[PDB]
Ligand SMILES: C[C@@H](NC(=O)c1cc(C(=O)N[C@@H](Cc2ccccc2)[C@H](O)CNCCC2CCN(Cc3ccccc3)CC2)cc(N(C)S(C)(=O)=O)c1)c1ccccc1
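Numbering (the deposited numbering), first residue to last: 45 to 205, 218 to 358, 362 to 433.
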């Protein structure tokens, strides 16, 4: 397709985050940047760190402009402190443009960088509302759209076990099968969506849909897990246990505190259930559902003869987070121009001969507006 040079522009090292190459400054300094739809700051390591092999050297960039302002960003996991400035930025396997963007130079950090992950910075792709220090700091994608012809849309295919594609300015049809189904972006801060029903192996969890979105639900490539509010998590685990009852696992397995390992190639995927989230559709009273497999929610942990797994659905107190566990099933289109997020079955998603991830619709769901928290 026309976007062929952007295909396979993502990498990941042992499932520690999906990253794209970005080139900053003049002369060029290329760094590996984690793609994060769950935050809105573009920040790069800019000083030595034990887990960094490279970092941004501002003094070597003739085009660097100091903003004379500090910045601090805490995440659910980790935090960093740094210094704001602007510089020229291109994505060599992305759009054919160069923009002047805000960049946070990370000088100190706590549990942010990940040993062996091979990434050295983060690209926050969400909206200005959640940027630090405040919403006046234009996020990267906003700058790209304001300064260039590039359409206000990007799409992500995260390929689990690895790699994937970030298509910028459009969609590449080779990256998915079947149809794309869209859910509204409820509000432009996080990529906020509304979940209207949850099923485990076709069985309705039967919770009030308000519980699924308390206090928000977001699509977040920078978060590994499917994170669920406590009440929802507990109900989900109870149902998943019931569905997989032909095998018993320690309580701590469901809490992510214990791993279970199988002999290489023998993992009984079939004994674990599929999980479906229904999302609000584009038409009144219309929904669709996305369905993931245990291959998505049971994550490998790297004897070479043993395949060890961690259960990667976990508890949150800050609403639902549809992280990599969800996104790895799908090609996800962040259609900012039309304030909607599209899902289609990923051409690269991990499955088996018996089951596949699915995106299906339409369904009829009433009173979906009520599901959202106010
Ligand atoms: C890079 C790595 N990410 C993580 O290991 C990870 C990052 C995060 C995380 O915070 N990611 C942020 C970006 C990041 C951080 C650190 C290293 C690399 C990337 C995202 O930006 C978070 N997105 C926003 C989440 C909301 C934040 C605000 N809050 C509400 C709140 C709470 C307190 C105070 C104010 C507001 C709700 C959730 C979280 C978590 N979890 C808590 S978990 C075990 O359930 O999966 C795991 C990864 C590995 C594989 C695939 C994708 C990503």
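Here a beta-carbon is modelled for each residue, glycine too, at the ideal position from N, C-alpha and C.
Would the beta-carbon of residue i fall within 7 Å of that of residue j?
i, j, result
"residue 389", "residue 400", "no"
"residue 86", "residue 124", "no"
"residue 185", "residue 169", "yes"
"residue 402", "residue 391", "yes"
"residue 70", "residue 105", "yes"
"residue 62", "residue 75", "no"
"residue 382", "residue 281", "yes"
"residue 132", "residue 107", "yes"
"residue 336", "residue 250", "yes"
"residue 432", "residue 271", "yes"
"residue 406", "residue 233", "yes"
"residue 334", "residue 189", "no"
"residue 312", "residue 370", "yes"
"residue 284", "residue 377", "no"
"residue 226", "residue 95", "no"
"residue 110", "residue 129", "yes"
"residue 158", "residue 73", "no"
"residue 320", "residue 364", "yes"
"residue 165", "residue 241", "no"
Ends of the beta strand (DSSP E) at residue i?
i, result
"residue 194", "Where residue 194 is concerned, there is no enclosing beta strand (DSSP E), given that its DSSP letter is neither H nor E."
"residue 76", "73-80"
"residue 67", "63-68"
"residue 358", "From DSSP, residue 358 is part of no beta strand (DSSP E); its letter is neither H nor E."
"residue 374", "372-375"
Let me confirm a value: residue i is counted as buried when at least 16 other C-beta atoms fall within 10 Å, else exposed. Which label applies?
i, result
"residue 80", "buried"
"residue 239", "buried"
"residue 425", "exposed"
"residue 121", "exposed"
"residue 322", "exposed"
"residue 327", "exposed"
"residue 202", "buried"
"residue 276", "buried"
"residue 181", "buried"
"residue 329", "buried"
"residue 298", "exposed"
"residue 235", "exposed"
Check for me: the alpha helix (DSSP H) holding residue i runs from which residue to which?
i, result
"residue 352", "350-353"
"residue 222", "Run containing residue 222: none in the alpha helix (DSSP H); it sits in the beta strand (DSSP E), 219-224."
"residue 386", "383-386"
Going by DSSP, name the residue or residues bridged to residue i.
i, result
"residue 124", "117, 153"
"residue 404", "233, 389"
"residue 86", "167"
"residue 365", "319"
"residue 130", "109, 146"
"residue 417", "347"
"residue 203", "219"
"residue 96", "In DSSP, residue 96 forms no bridge with anything."
"residue 161", "Answer is none; residue 161 lacks a bridge partner."
"residue 247", "244"
Every unbroken beta strand (DSSP E) within the stretch 263-345, with a cutoff of 3 residues, ordered by chain:
273-275, 282-285, 316-319, 331-336
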